[PDB]
Amino acid sequence: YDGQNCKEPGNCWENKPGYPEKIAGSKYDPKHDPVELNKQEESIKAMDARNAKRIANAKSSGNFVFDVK
Amino acid sequence: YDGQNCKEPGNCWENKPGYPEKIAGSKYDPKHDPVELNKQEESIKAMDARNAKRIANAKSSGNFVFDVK
Amino acid sequence: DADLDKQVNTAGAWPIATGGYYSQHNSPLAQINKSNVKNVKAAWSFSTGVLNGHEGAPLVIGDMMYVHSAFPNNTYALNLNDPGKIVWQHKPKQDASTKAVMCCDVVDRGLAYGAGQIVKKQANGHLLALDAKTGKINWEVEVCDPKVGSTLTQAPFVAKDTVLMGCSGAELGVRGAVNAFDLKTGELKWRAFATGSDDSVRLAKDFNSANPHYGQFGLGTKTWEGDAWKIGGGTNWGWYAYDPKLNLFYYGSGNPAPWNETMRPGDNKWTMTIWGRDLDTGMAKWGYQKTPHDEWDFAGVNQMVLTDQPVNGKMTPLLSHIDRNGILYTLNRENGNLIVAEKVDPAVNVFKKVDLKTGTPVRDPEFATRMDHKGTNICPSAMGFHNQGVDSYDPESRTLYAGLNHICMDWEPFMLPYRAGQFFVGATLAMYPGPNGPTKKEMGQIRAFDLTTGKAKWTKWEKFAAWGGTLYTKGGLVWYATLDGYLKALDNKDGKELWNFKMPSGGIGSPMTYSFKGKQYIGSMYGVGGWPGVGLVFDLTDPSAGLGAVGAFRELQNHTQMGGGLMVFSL
Amino acid sequence: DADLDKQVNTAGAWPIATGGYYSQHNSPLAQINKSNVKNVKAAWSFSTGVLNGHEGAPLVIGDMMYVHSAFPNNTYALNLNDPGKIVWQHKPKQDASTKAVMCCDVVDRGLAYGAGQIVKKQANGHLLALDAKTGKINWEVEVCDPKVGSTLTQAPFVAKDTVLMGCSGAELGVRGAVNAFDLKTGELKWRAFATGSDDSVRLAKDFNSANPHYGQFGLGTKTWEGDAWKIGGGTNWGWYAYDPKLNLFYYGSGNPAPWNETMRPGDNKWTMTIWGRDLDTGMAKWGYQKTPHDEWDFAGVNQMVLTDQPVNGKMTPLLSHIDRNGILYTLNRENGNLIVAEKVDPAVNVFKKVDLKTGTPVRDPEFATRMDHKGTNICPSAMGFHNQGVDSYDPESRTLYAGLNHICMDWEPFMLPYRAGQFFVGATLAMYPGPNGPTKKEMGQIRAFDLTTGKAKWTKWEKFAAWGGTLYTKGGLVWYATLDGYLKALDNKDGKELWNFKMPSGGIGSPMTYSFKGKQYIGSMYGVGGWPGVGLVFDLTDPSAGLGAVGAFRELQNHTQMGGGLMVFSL
Ligand SMILES: O=C(O)c1cc(C(=O)O)c2c(n1)C(=O)C(=O)c1cc(C(=O)O)[nH]c1-2
Ligand SMILES: O=C(O)c1cc(C(=O)O)c2c(n1)C(=O)C(=O)c1cc(C(=O)O)[nH]c1-2
Ligand SMILES: [Ca+2]
Ligand SMILES: [Ca+2]
């Protein structure tokens, strides 16, 4: 794995001698938990709605408040 | 109570108008708990013992060490 | 904005962390010069009352100075007419747990200024705009969430009516994005992730059109197996640069997660890449990945320096940057063409070199990292040959004065799960000084470079890493702070030491300069910390602790202690 | 001991916190004078890595400087040849609960030196002797017990082969005592209590033979009702003085407990007493009770200054002292005779005056304290017209330069139980500026006194209390640090301000001076705290909080933040 063998342009990755080409099903399988994976997304969704809630309850009053709800 | 009327040398205390001459039994009785009042002496006593063990413990070997028993 | 444009155009002001839009971190002030320097003396000081790493430098806007501290990220406004009085201060109420999801000290790289407001963040993810004269809070929004290990540490960046902010957390497996807010109201404009779909990443239809071999569409997921990119890293916690003409802003995206390479096959795009994005839409114009499939934690966030220099005797718009990987890169800031890609020190061995044709690092297997194998004598170390510091540029001699680390490592990875809000490193290291120091002991250098040739003019060695950066003032001096506690002034010509002063604590920021009532002052933060000072800051004794950093910096302890504040100097 | 006297007699050394055995806290160095003081600049700095008030000053022996911090009491050794490096350091392991029993910030007034040993204490009750060269511990013993509310803060005092040390805690009912320890072994020689039997108080056969009216035998039991003396206070946490010819040592014992005067009828002897005790036996030769039955917390621990001056033409061995009560006292140090007992400011109202014949204060009932009553416009406040500061004396003009406080209060006691290890105060106060400041907001003054008449030569006003003291150097300057952060230099002649520097934080110690390779230096700790700064170091807001102090120093925050360090100056 020298970085010069590219399947496609910008995709030159290769497994190291002795390592799977695909991680799943092997002893190196991360076995990631889906719900755990989505945690960041859910977080952004929430916080995003909080800020719209924050900035909206201000464009109308004239006075900004963070402790919105 | 001006500080100038002394019972004897070095003892010039006087009760202020309307305050009792002796506190015990009055509305200002501190009602001190003897068990509480003796703590400092007991503590000192114990401390003295530990320290005496340390200087001896090292006067005989020649290497100070705090931990003793 | 027009307000910042005004400040940027005023002599002696310092409204931008990096020195200006181009981030050359220099100054035309020449009242202090090589003939003078010996007489510079302390003028006044200020304690923040917080310990830990004091990164960044204060902002000077008019007769006001703005100082910032480590967590809990307090703000102090001082009128230069009487440094003794604190006009307004902002002191956040932040949960103390925030601290536990921060990898490399509870640092803060600084403030930003725009539209007569101070743009400031908080480690716990809040971002705010405060009036600059009263400190009244104009708006307050949430950018990051510490419960998923995401925090703020970089300085906000302001250009036109936009503030750019990126969260930290790749060591906790956080998926990097550059967030854009409205200066005036703090409402989100757009978000550009480092991994994912073309839509999340925001590539324009002409993305890399001039360099198709760099890669284009869909690499965001194909260079990853499954949803591994969802906790893929690539956070941008470094510095920005901006080209008002082109209306493009540039920055590096960080390391892929976990540190354990065998857990994430693929090129891991678009982490470790230098970007060219339209300020208004955030759509990528060009993007070049410096370290495809990272194996060493070379988070590619370092400073971007924009210059206008002759290349092959023709004038070209360049972008320059010294990566953690140990390569100095020079590209055309217009279309992303690769012009220079040289090793900052011959000690670099992860790559044989970087092929300008393939635009790829020619990897050396002997110095790679993989499961069941302990890599040894890998250079650079994870701390890199260059970190978070801001370097300067002398526009006359066309020289960049770099603060480099000379540190190597030992590395062996290990498997571990992922829990949203916990550390996700998966590697055990040992760090030590590189091999080229004059006594095989030095860990720092101030090296001067030609950006178009990538060649070094001179070198000044330092006992410890040159972490903070350098500043360049037209008087012919290169100013820097050291981990062991001194502020030094070198002769730009040969790097010989003209002056120094022993500060309370080592410095982890870069000096700044300003003018007040016709007098030039040099400003510096003090209060050692950051990755280098974790042993000293948390009381670590384990060499392996602090991600391998503790062993390396064992001796710092006998040279300095914690601190937190500012010192100003002048004639 | 012999080693101490060697250092005492070596020019430009500083082996005693107080300046010498006589505690005049002055110096013969005349390199810096009224004519070149303008030129003094910061020479070097060092951070302790700890916050909270940094009281005291460093010690200089040979080419070594020993610096100390606030709790947890670290010690750092520096060769003056190279301030950048920490030769040795001592960092104790102390339980954080220790802090909960320290009344007035977690402060430490400094180190001592004797027999080639650095003597240091810990807030938690230990006292050690460490090699001055290597920091190796020679002996370590317990002095006080934090479990009953006893902690250590004062600077140890060394004289001959003995080390004097007293614990703090009158605010928690601690019965004060001076403890004398063997310099070489740390074994206890004796202990002289401030209350109880004459045997425990250690009175000599001829105690007060020249002034029988001061009181003699049986009063440490007889001036209390029952057993109240057992938790009677009288701790000595101030400064000491020593006359080698006379073999006497001098010091003041503190305030009686509780603060609630109604709970302890009696003169409460021998608290609030100035002592003349034999160094080898610890037996009192004389004892002058300044404040019989304290009703204001006027703890009598202030510095004792020995001078030899003519009184009515007769050269007399004197002891001078400014108590919390607002009275400047001058006695004959051999016999305890009272010569001067004068107000340091006309605002003193607790007493009409001190009767030199009766030797007691003539009380003004209007400013007394007592249950079920709120006393207002009491001057001085609990904080006193003088506190822990270390003042200086010019042997040539024969003037003492005092740092005073100008604070008054309102007070009203309340009944409470005594439980060991728990606070035992019983008073609510509000403190505020005294009446004489120019704008009526000033709470500090630098006042120059004649010790034989107790008359002021000049006055300098200060916004904030003059808490740390002053230093006098033969060049004709009075040096001091302010709570708002400046080290200043005045003309000893008229108190006019000749120089100043803004340090990172407020100073609560007194400046020191030494020689090194032919240059005189001025050293000053920085880092606000102590009683005046508790609002700031603890983030209190209740004006009533911090024993009344918070309301009084509420504006200190707009001028300074915490710190921790040393700043050295020179030409
Ligand atoms: O992966 C990240 O998101 C992230 C964040 C930070 C940070 O914000 O301080 C650092 C790093 N990585 C990092 O790799 C690193 O070497 C580092 C050094 C420092 C520092 O301030 O000195 N921060 C960080
Ligand atoms: O009664 C005591 O035992 C005791 C101890 C201390 C101390 O050790 O700091 C102070 C006081 N009292 C005290 O009354 C006082 O006003 C005070 C001020 C300070 C300080 O350093 O600022 N310490 C103390
Ligand atoms: Ca990282
Ligand atoms: Ca007290």
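These values consider heavy atoms only, across backbone and side chains, with no hydrogens, waters or symmetry-generated copies. Atoms within each ligand, like the ligands themselves, are counted from 1 in listed order. In what follows, every chain begins at residue 1, and chains take the letters A, B, ... in the order their sequences are listed.
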A.B. asks: Counting the benzene-type ring for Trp, do D:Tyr526 and D:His54 have ring centres under 6.0 Å apart?
C.D. replies: no

A.B. asks: Can an N or O of D:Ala170 be found at a distance shorter than 3.5 Å from an N or O of ligand 2?
C.D. replies: yes

A.B. asks: Just to be sure I read this right, does ligand 2 sit under 4.0 Å from the backbone of D:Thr151, its side chain, both, or neither, counting only heavy atoms?
C.D. replies: neither

A.B. asks: Assess D:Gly254 for proximity to ligand 2: is some non-hydrogen atom of it under 4.0 Å away?
C.D. replies: no

A.B. asks: For ligand 2, which atoms sit closer than 4.0 Å to a heavy atom of D:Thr235?
C.D. replies: 1 (O), 2 (C), 3 (O)

A.B. asks: Test side-chain contact (heavy atoms from CB on, under 4.5 Å) on C:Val534 and C:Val550 and set out the steps.
C.D. replies: CA-CA 7 Å; C:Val534 297; C:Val550 166; 4.2 Å; yes

A.B. asks: Specify the protein heavy atom at minimum distance from atom 15 (C) of ligand 2: its residue, its atom name, and the distance to 0.1 Å.
C.D. replies: D:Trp237 CH2, 3.3 Å

A.B. asks: Give a yes or no on whether the ring-centroid distance for D:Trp411 and D:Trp259 is below 6.0 angstrom.
C.D. replies: yes

A.B. asks: D:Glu171: which N/O/S atom is nearest the Ca ion (ligand 4)?
C.D. replies: OE1

A.B. asks: Taking 4.0 angstrom as the limit and counting only heavy atoms of D:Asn387, give me the atoms of ligand 2 inside it, by number and element.
C.D. replies: 16 (O), 18 (C)

A.B. asks: Applying side-chain contact (heavy atoms from CB on, under 4.5 Å) to C:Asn405 and C:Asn387, what does each step give before you reach the verdict?
C.D. replies: CA-CA 8 Å; C:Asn405 325 145; C:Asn387 200 277; 4.1 Å; yes

A.B. asks: Numbering the atoms of ligand 2 from 1, which are under 4.0 Å from a heavy atom of D:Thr153?
C.D. replies: 7 (C), 8 (O), 9 (O)

A.B. asks: Any atoms of ligand 2 less than 4.0 Å from a non-hydrogen atom of D:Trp467? List them with their elements.
C.D. replies: 18 (C), 22 (O)

A.B. asks: Got a salt bridge between D:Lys120 and D:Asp108, using NZ or NE/NH1/NH2 to carboxylate O under 4.0 Å?
C.D. replies: no

A.B. asks: Under a 4.5 Å cut-off applied to non-hydrogen side-chain atoms, are C:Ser253 and C:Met272 in contact?
C.D. replies: no

A.B. asks: Return yes when at least one N/O/S atom of D:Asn255 is nearer than 3.0 Å to the Ca ion (ligand 4), and no when none is.
C.D. replies: yes

A.B. asks: Taking all atoms of both residues into account, what is the closest heavy-atom pair of D:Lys230 and B:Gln40, and its distance?
C.D. replies: O-NE2, 3.9 Å

A.B. asks: Go through ligand 2 atom by atom and flag the ones less than 4.0 Å from a non-hydrogen atom of D:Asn255.
C.D. replies: 1 (O)

A.B. asks: By number and element, which atoms of ligand 2 are closer than 4.0 Å to a non-hydrogen atom of D:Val107?
C.D. replies: 21 (O)

A.B. asks: Of all heavy-atom pairs between D:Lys290 and D:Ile274, which one has the smallest distance, and what is that distance?
C.D. replies: CD-CG1, 3.5 Å

A.B. asks: Considering non-hydrogen atoms only, spot the tightest contact between C:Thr195 and C:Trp229 and give its length.
C.D. replies: OG1-O, 2.8 Å

A.B. asks: side-chain hydrogen bond (donor to acceptor under 3.5 Å, both in side chains) for D:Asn302 and D:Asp323? Distances and angles first, verdict last.
C.D. replies: CA-CA 6 Å; D:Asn302 299 174; D:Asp323 190 65; 5.7 Å; no

A.B. asks: Out of D:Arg109, D:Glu55, D:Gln388, D:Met102, whose heavy atom is nearest to atom 23 (N) of ligand 2?
C.D. replies: D:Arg109

A.B. asks: Classify the contact between D:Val301 and ligand 2 as side chain, backbone, both or neither, using a heavy-atom distance cut-off of under 4.0 Å.
C.D. replies: neither

A.B. asks: Hey, does D:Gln154 sit under 4.0 Å from ligand 2 if you only count heavy atoms?
C.D. replies: no

A.B. asks: Would you mind finding which of D:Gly533, D:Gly169, D:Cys104 brings a heavy atom closest to atom 3 (O) of ligand 2?
C.D. replies: D:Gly169

A.B. asks: Among all the protein's non-hydrogen atoms, which is closest to atom 22 (O) of ligand 2, and how far away is it?
C.D. replies: D:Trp531 N, 2.9 Å

A.B. asks: Of the protein's non-hydrogen atoms, which lies at the shortest distance from atom 14 (O) of ligand 2, and what is that distance?
C.D. replies: D:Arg324 NH2, 3.2 Å

A.B. asks: Tell me whether ligand 2 is touched by D:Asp105 - counting only heavy atoms on the residue side and a distance under 4.0 Å.
C.D. replies: no

A.B. asks: Closest approach of D:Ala70 and D:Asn52, non-hydrogen atoms and distance?
C.D. replies: CB-CB, 4.1 Å

A.B. asks: First locate atom CD of D:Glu171, then atom OG1 of D:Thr235, and finally report the distance between them rounded to the nearest 0.5 Å.
C.D. replies: 7.0 Å

